[PDB]
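Residue numbers (PDB author numbering), protein chains in the order written: chain AX, 1 to 143; chain AY, 4 to 129; chain AJ, 4 to 184; chain AE, 88 to 174; chain Ae, 74 to 131.
Heads up, the thing below is written out as structure tokens.
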RNA sequence: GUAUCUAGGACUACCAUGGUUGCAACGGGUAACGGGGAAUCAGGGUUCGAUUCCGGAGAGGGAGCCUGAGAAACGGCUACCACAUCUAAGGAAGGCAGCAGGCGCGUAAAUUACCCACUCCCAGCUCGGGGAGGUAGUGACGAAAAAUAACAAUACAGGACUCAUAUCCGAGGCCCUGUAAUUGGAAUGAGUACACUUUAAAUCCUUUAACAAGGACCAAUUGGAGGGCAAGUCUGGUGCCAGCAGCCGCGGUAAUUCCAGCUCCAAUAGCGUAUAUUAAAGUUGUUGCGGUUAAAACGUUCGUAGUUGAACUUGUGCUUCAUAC
């Protein structure tokens with residue numbers, strides 16, 4: 001069924017393989033270097049950005065919730081991202097014009113769950129971490 | 004507690020005029036023991052009297068009363084004073100030599116370069 | 004530089020972590036063998052994975068192939084030295100059949116238990132850890148030893164610390180000193 | 088090569104272990120007199136006209152005419168003379 | 074769509090933050106984990122009363 | 001022919017019309033130096049490599065040159081262009097992608113320390129110089145080994161054994177395992193700290209006096225408990241709000257998902273999380289996928305490259321010898 005299974009067909013497999021791997025979604029991303037070109041992270045694990053605005057993101061059905069996201073502009077690219085503030089209360093911790101760490105939601109891009117267009121997480125406000133602040137183990141550096 | 008230093012691994016090495024040794028040191032219910040005392044004890048085993056028994060090795064081993072070391076015993080003081088490696092003499096020092104501490108001298112040597120030849124001139128500046 | 008650091012992660016935590024039956028076995032293994040936490044179990048379990056794998060590779064080869072003979076016999080002898088292996092087991096075929104427990108037993112955390120100065124698995128452990136065991140002449144901090152056979156007889160009280168009778172308590176000295184005032 | 092530590096007298100030749108390592112090999116003080124040299128090349132022209140060069144870079148002038156490349160010569164060492172050859 | 078954010082951390086401020094109480098510092102690893110294997114296995118010779126609970130109040 | 005250390009279109013005259021290409025040339029891109037290697041694996045592979053080695057390359061971008069066996073050198077020169085510096089204003093002098101350090105960039109990476117004692121190199125050298133290297137300091141990339149308590153006993157707890165009595169049910173009581181801040185003396189130094197050892201001289205280790213254990217002390221965590229996924233259909237507060245949730249989903253007043261508490265689980269000197277990668281993924285298929293309808297036959301055929309390709313062509317045997325049964 002198909003494959004050139006002859007003794008000296010040897011080039012043809014490689015050629016055809018590259019024609020088939022053209023369609024391979026992970027290899028498209030790798031070869032075409034889409035991370036650096038289109039994705040707001042330049043394949044860079046974290047990005048520090050500046051907080052523009054706090055957004056009251058209305059959830060997709062069957063869930064009626066106001067799910068509290070934050071608009072962030074990365075220092076390297078000026079690119080606008082909406083990132084979610086995970087773990088409790090948290091917009092109260094964000095404060096407009098603070099320096100915030102933008103991390104992703106572990107989803108190979110793709111918008112969260114029932115949360116429209118929020119491909120990203122927040123892990124830190126003012127270099128402390130959100131996480132520490134909720135538990136109360138740490139207290140916010142002044143300004 | 005009587006000690007009894009009995010020393011393994013002998014080399015008669017006449018090219019540095021020295022019996023070069025491993026020291027196995029018992030003090031089996033206490034520990035430790037000063038190098039000066041190690042020279043004193045070792046000296047009256049080879050008849051070479053203690054200020055020649057140049058012993059630099061040493062680790063007090065695991066949990067009790069052994070130290071495995073190295074001793075070097077030099078036949079004449081005259082040969083000792085010649086092969087030295089200088090710093091070894093200085094520890095037990097009838098030989099005390101001059102701390103610099105070195106980066107002061109380097110700064111002076113760099114100053115020395117700048118001005119044509121003379122060099123005694125800028126010994127004086129230094 | 005030179006070239007230093009050759010690592011090797013001794014150290015694989017299990018392919019699926021939350022399987023009830025597995026959990027209980029690990030948890031029991033900590034009780035029967037008082038190992039702090041499950042990572043100490045995973046050091047041995049990963050150690051087994053290396054040993055089992057090494058055995059399997061050599062078994063597929065035909066004896067008398069030199070490569071099988073030199074390495075197989077040697078690994079076998081080493082495990083016999085550790086006391087894991089009994090002579091009837093000294094073939095790579097029986098090495099496949101090996102269990103976690105055999106390795107753990109050879110620790111002194113389980114041996115001072117056997118030899119009544121602890122009377123329990125539990126008591127044996129802590130003593131070694133803070134630095135109370137001698138392997139012949141040497142006071143030994145490290146509980147994880149996996150003790151080779153012929154040093155098992157040399158398992159004793161450390162001699163200048165106060166059982167072997169120097170310094171008594173230092174509780175005794177505190178208590179003696181209370182009645183002195 | 089013969090390494091002679093005159094005081095005290097050990098007399099060595101550097102020769103090879105089966106493990107492809109040098110050995111410490113103690114030789115008789117009369118064995119220490121010579122050494123065996125494999126001959127790299129024999130060429131004609133430099134003084135006084137043929138010359139033989141060994142693998143230890145020693146050039147020995149006027150070689151016996153039957154000495155052909157990859158032969159060994161016993162070298163007297165005290166003088167740089169050929170005093171045996173094995174075809 | 075633009076619902077607000079007016080209601081932010083009303084619950085964190087209206088929860089009385091129930092006292093941290095304690096009930097006993099549980100030991101370090103070797104001791105504690107062995108302490109738990111009474112709890113799990115030996116104590117816990119388990120009556121065959123069709124399963125029970127580590128986290129059963131009543 | 002010229003150049004050169006050398007072949008040489010390297011270069012130049014003349015003279016030919018060649019050279020390379022669907023076996024993907026020419027061009028463009030590359031977080032693209034290459035390899036030795038690393039990661040991840042059932043294998044097969046896929047991915048990685050900027051970096052501890054080896055070779056080559058460069059030293060702001062470029063060009064040119066002297067010396068010298070060797071440099072088209074930059075911690076040499078000369079020049080330009082870009083940068084940076086001082087100046088008594090005429091001028092002159094510079095290359096941290098060397099070591100530290102600073103600024104900036106960023107997700108992201110240490111001390112303006114000490115030493116040639118080790119390792120070795122260079123030099124005219126036994127001796128000097130050496131941020132080559134070693135040393136300390138910083139360092140949860142990462143790997144490696146575990147201090148943080150243990151035993152009787154007391155207070156009650158379980159399970160056998162006995163006396164029993166034999167749904168029930170009580171008394172003696174053991175190797176134990178414990179829930180108790182009850183007790184009691186013991187153990188061993190991590191830490192601390194003479195001394196010694198270490199070291200060039202210090203440091204820590206390895207040694208060891210003097211010290212340190214009723215945790216409130218020598219005082220452990222980080223996520224989770226509806227399911228995936230291991231553990232609360234718990235208690236207060238909240239009530240589709242706040243917020244939770246990698247996913248499915250929870251929350252519209254028994255909330256077993258929230259926020260706490262309590263109880264506990266899972267991994268604990270580590271764990272969470274992000275990003276990239278790999279397993280899973282058979283979702284890349286050489287090994288080893290699918291194509292009627294699930295995502296899949298080009299409208300169809302000719303047809304060249306590509307690719308593939310039937311049978312027949314030293315070969316069967318016979319005998320004997322040795323050699324397994």
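Don't be surprised by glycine CBs; every beta carbon is placed ideally from N, CA and C.
Distance check between residue 92 of chain AY and each of AY:71, AY:76, AY:126 places AY:76 closest, using alpha-carbon atoms only. Listed along the chain, the chain AY residues whose CB falls inside 8 Å of the CB of residue 161 of chain AJ are 66, 67. Approximately 6 Å separates the beta-carbon atoms of residue 172 of chain AE and residue 151 of chain AE; this is inside 8 Å, confirming the contact.
Residue AJ:88 holds the alpha-carbon nearest to the alpha-carbon of residue 107 of chain AJ among AJ:99, AJ:88, AJ:94, AJ:95.
By the neighbour-count criterion, in which 16 or more other beta carbons inside 10 Å mark a residue as buried, residue 145 of chain AJ falls on the exposed side. In the structure shown, residue 105 of chain AJ falls within a helical segment according to DSSP collapsed to helix, strand and coil. Within chain AY, the residues placing a beta-carbon under 7 Å from that of residue 92 of chain AE are 18, ordered along the chain. Counting other Cβ atoms within 10 Å of its Cβ, residue 68 of chain AX reaches 16 or more and is therefore classed as buried. Assigned with DSSP and collapsed to three states, residue 113 of chain AY falls in helix. Contact note: residue 170 of chain AE does not reach chain AY at a C-beta cutoff of 9 Å; the least C-beta distance is about 31 Å. Going by beta carbons, residue 36 of chain AY and residue 46 of chain AY fall outside the 8 Å limit. Check the Cα spacing between residue 60 of chain AY and each of AY:84, AY:108, AY:26: the tightest is with AY:26. A contact is defined here as three or more CB-CB pairs under 8 Å, and the stretch 36 to 46 of chain AX meets this definition with respect to the stretch 76 to 92 of chain AX. Within a 10 Å sphere around the beta-carbon of residue 1 of chain AX sit fewer than 16 other beta-carbons, which makes this residue exposed. Around the beta carbon of residue 14 of chain AY, fewer than 16 other beta carbons sit within 10 angstroms, so the residue counts as exposed. Under the three-state reduction of DSSP output, residue 78 of chain AY falls in the coil class, being neither helix nor strand. Using a Cβ distance threshold of 8 Å, residue 50 of chain AJ and residue 15 of chain AJ do not count as a contacting pair. Taking a contact as a CB-CB distance under 8 Å, the pair residue 94 of chain AX and residue 70 of chain AX counts as one, their CB atoms being some 5 Å apart. Taking a cut-off of 8 Å for Cβ pairs, the stretch 126 to 140 of chain AE and the stretch 154 to 167 of chain AE touch, as three or more such pairs fall below it. Residue 83 of chain AX: member of the beta strand (DSSP E) spanning 80 to 84, first to last residue. A Cβ-Cβ distance of about 6 Å is found for the pair residue 84 of chain AJ and residue 152 of chain AJ, placing them in contact under the 8 Å criterion.
Residue 172 of chain AE is bridged by DSSP to AE:160.
Between the beta-carbon of residue 81 of chain AX and that of residue 120 of chain AX there is about 5 Å, and that keeps the pair under the 8 Å contact cut. The C-beta of residue 74 of chain Ae comes closer than 8 Å to at least one C-beta of chain AX.
Non-local beta-carbon contacts of residue 62 of chain AY in its own chain, meaning distances under 8 Å to residues more than five positions away in sequence, involve 70, 71, 72 in chain order. Residue 120 of chain Ae and residue 114 of chain Ae have their C-alpha atoms spaced approximately 12 Å apart. Contact with chain AJ is found for residue 33 of chain AY, since one of that chain's Cβ atoms lies less than 8 Å from the residue's Cβ.
Annotation: the stretch 73 to 132 of chain AX contains the following complete segments of the alpha helix (DSSP H) (minimum length 4 residues), in chain order: 91 to 94. Take the alpha-carbon of residue 54 of chain AX and the one of residue 91 of chain AX: they are about 7 Å apart.
The DSSP assignment places no complete beta strand (DSSP E) segment of no fewer than 3 residues inside the stretch 80 to 126 of chain AJ. According to the DSSP assignment, residue 33 of chain AJ belongs to the alpha helix (DSSP H) that extends over 23 to 35. In the displayed model, residue 159 of chain AJ falls within a strand according to three-state DSSP.
The continuous alpha helix (DSSP H) containing residue 44 of chain AJ extends over residues 41 to 63. Residue 138 of chain AE is positioned such that its CB atom lies no closer than 8 Å to that of residue 145 of chain AE. The C-beta distance from residue 115 of chain AJ to residue 136 of chain AJ rounds to 7 Å, short enough to fall under 8 Å. The beta carbons of residue 138 of chain AX and residue 101 of chain AX sit no closer together than 8 Å.
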